[PDB]
2 protein chains.
Amino acid sequence: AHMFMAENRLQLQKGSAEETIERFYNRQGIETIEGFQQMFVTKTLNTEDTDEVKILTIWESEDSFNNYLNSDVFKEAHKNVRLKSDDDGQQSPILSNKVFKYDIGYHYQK
Amino acid sequence: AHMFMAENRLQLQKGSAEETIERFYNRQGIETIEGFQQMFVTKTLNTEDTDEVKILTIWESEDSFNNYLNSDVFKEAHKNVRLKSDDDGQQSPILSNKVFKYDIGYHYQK
Ligand code: HEM
Ligand code: HEM
């Protein structure tokens with residue numbers, strides 16, 4: 001069986017990557033989720049316009065990811081997450097989100 | 001303190017992702033490399049007319065990643081690696097490589 005990777009690509013206001021990444025330090029139940037293995041939250045280097053932050057989540061299977069989306073901890077962790085376009089989202093530096101999905105065909109950890 | 005991530009984004013001829021990823025299976029010295037932490041080789045799930053395979057390498061720092069690039073171990077591991085666009089790259093289904101670089105602002109491994 002192959003592991004699965006999801007990417008949430010977050011287009012952000014210039015300069016907001018650090019404050020946005022700081023929000024992930026506070027664990028909100030991901031550590032209790034079946035099939036979850038690891039996550040990286042990255043800032044793209046050398047960006048000239050908007051900041052770019054990606055949430056990369058690594059799963060035992062695509063099904064594990066699918067179920068996470070329907071979970072109470074997912075809902076709770078995102079209850080104060082807004083896009084700038086949301087009616088109550090003006091103060092948010094998060095401009096858009098885009099999801100990408102991957103099959104992990106090879107992994108190696110030293 | 002922050003880890004570093006490099007992404008090699010490879011555009012491939014349709015259908016060649018699987019045979020490309022299989023080329024990674026047997027190690028060629030990466031386990032010996034200072035500051036190397038882990039890697040993922042992914043196929044993108046999408047409806048594009050080309051395949052996409054990514055090499056994600058995770059490093060203790062950007063400097064460790066650059067040292068690897070300069071190394072004999074890198075050179076040896078890539079001796080038969082060609083782009084379709086190379087003089088002698090006729091058999092390669094790898095159409096192009098593009099490098100992206102990231103700060104890892106947060107990581108959690110279960
Ligand atoms: C595929 C759907 C998504 C997945 C798999 C995902 C994954 C995650 C994970 C694993 C965490 C850590 C949660 C925890 O500590 O329990 C998190 C938190 C967070 N996510 Fe997502 N996410 C998704 C959708 C989104 C979207 C659309 C946004 C932006 C609009 C977003 C922005 C954030 C932010 C800012 C945090 C930090 C915690 C907070 O602000 O309260 N996520 N997400
Ligand atoms: C930023 C530059 C690059 C880095 C950091 C990198 C990293 C790696 C690593 C860690 C491995 C596994 C090596 C081992 O097992 O010891 C590998 C192998 C491999 N890489 Fe790269 N690589 C880079 C450039 C490229 C490019 C430009 C291509 C394609 C044109 C490529 C294609 C491959 C392939 C097909 C393998 C499997 C081994 C083989 O075919 O002999 N790499 N690379």
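Convention: sequence-line order gives letters A, B, ...; per-chain numbering from 1. Numbering of ligands and ligand atoms starts at 1, following listing order. Just so it is clear, the values below take in all heavy atoms, side chains as well, and ignore hydrogens, waters and symmetry mates.
A donor-acceptor contact shorter than 3.5 Å is absent between the side chain of A/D51 and the backbone of A/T47. Proximity of a side-chain donor or acceptor of A/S16 to a complementary backbone N or O of A/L12 within less than 3.5 Å is not detected. Side-chain atoms of B/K84 come within 3.5 Å of backbone N or O of B/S92 as a donor-acceptor pair.
Under the rule for a ring pair (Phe, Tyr, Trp, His ring centres under 6.0 Å), the partners of A/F74 that lie at least two apart in sequence or sit in another chain are A/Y68, A/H78.
Using a 4.0 Å heavy-atom cutoff, A/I33 is absent from the residues neighbouring ligand 1. Not a single heavy atom of B/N80 sits under 4.0 Å from any atom of ligand 2.
The residue B/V73 has no part lying near ligand 2, judged by heavy-atom distances below 4.0 Å.
Atom 5 (C) of ligand 2 has as its closest protein heavy atom B/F65 CE1, 3.7 Å. When only non-hydrogen protein atoms are considered, atom 12 (C) of ligand 2 lies nearest to B/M39 CE, 4.0 Å.
Between A/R27 and ligand 1, a contact under 3.5 Å exists for no N or O pair. Looking at ligand 2, you'll find an N or O of B/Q28 within less than 3.5 Å of one of its N or O atoms. Backbone and side-chain nitrogen or oxygen atoms of B/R23 are examined, and one is located within less than 3.5 angstrom of a nitrogen or oxygen of ligand 2. An N or O contact shorter than 3.5 Å links B/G29 to ligand 2 by distance.
Counting only protein atoms, the N, O or S atoms lying less than 2.8 Å from atom 21 (Fe) of ligand 2 are B/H78 NE2, ordered by chain and residue number.
Remark: A/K98 does not engage A/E7 in a salt bridge, criterion side-chain N to carboxylate O under 4.0 Å. Between B/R27 and B/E31 there is a salt bridge, since a side-chain N of the basic residue sits under 4.0 Å from a carboxylate O of the acidic one.
Here the shortest heavy-atom distance to atom 9 (C) of ligand 2, taken over B/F100, B/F24, B/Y68, belongs to B/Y68.
Shown are A/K75, A/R82, A/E76; of these, the side chain to side chain contact (heavy atoms under 4.5 Å, CB included) with A/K79 is made only by A/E76.
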